[PDB]
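1. Compute the structure for the input listed below.
(chains A and B)
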Amino acid sequence: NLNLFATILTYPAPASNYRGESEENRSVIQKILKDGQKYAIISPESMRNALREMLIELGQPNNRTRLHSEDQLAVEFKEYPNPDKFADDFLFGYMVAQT
RNA sequence: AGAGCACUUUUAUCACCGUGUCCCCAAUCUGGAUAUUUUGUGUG
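-> Residues are numbered from 1 along each chain as shown, chains lettered A, B, ... in the order given. There you are, the coordinates:
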């Protein structure tokens, strides 16, 4: 009847993530004015994608894959998620369609 | 269970290439630490 939550930390190392929206001849990273300084930010979406990739890597069945399409990246290999089992890892079975 | 917050910042790339801080020069010239001083006093 409790909902425990944690907080992690990472070892120091040079940063790699680039946030696009390149200006002139440099690729930049979004910053926040926490106290008038600059900081690095990683959006929760990429972390969610990494978690889903790890779940599909460990053998847990799922119904969503983003493959390297020739034209532009897209998400496919899905069906009706009528059972929450074997689909969506009990998370975010989003749908907006009317039919 | 908050005007339902997902599906995307993604995939590659040597600042590279050659180059004597080099060539001469004296720290040189003189100068008495000098002047005096009893380890003296007695024991089978």
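2. Next, residue A:47: secondary structure please.
-> helix (DSSP: H, G, I helix; E, B strand; the rest coil).
3. quick one, helices of chain A?
-> A:44-57 (DSSP state H).
4. Near RNA strand B, which residues of it? Just list them.
-> Residues of chain A that fall close to RNA strand B, judged by Cβ under 7 Å from any atom of the strand: A:17-21, A:43, A:45-46, A:48-49, A:52, A:64, A:66, A:73, A:75, A:91-92, A:94, A:96. To be clear about C-beta, it is placed using only N, CA and C from the backbone, and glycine gets the same treatment.
5. Now restrict the residues you listed to buried residues only.
-> A:52, A:64 (16 or more other Cβ atoms under 10 Å).
6. In strands only, show me the residues of chain A next to RNA strand B.
-> A:66, A:75 (DSSP state E).
7. From start to finish, how long is stretch A:58-78 in a straight line?
-> 19 Å (Cα to Cα, to the nearest Å).
8. Distance from the chain centre to it, please.
-> 13 Å (Cα atoms, centre = their mean, to the nearest Å).
9. what's next to that stretch, contact-wise?
-> A:49, A:52, A:55-56, A:79, A:81, A:86-89 (Cβ atoms under 8 Å, 6 or more residues apart in numbering).
10. which of those residues are buried?
-> The buried subset of the contacts of stretch A:58-78 (16+ other Cβ under 10 Å) comprises A:52, A:81, A:87-89.
11. Among these, which one lies nearest to residue A:13?
-> residue A:52 (24.1 Å; Cβ to Cβ).
12. who's in contact with that closest one?
-> A:62, A:64, A:89.
13. which residue packs closest to residue A:41, ignoring adjacent ones?
-> residue A:30 (5.2 Å; Cβ to Cβ, 6 or more residues apart in numbering).
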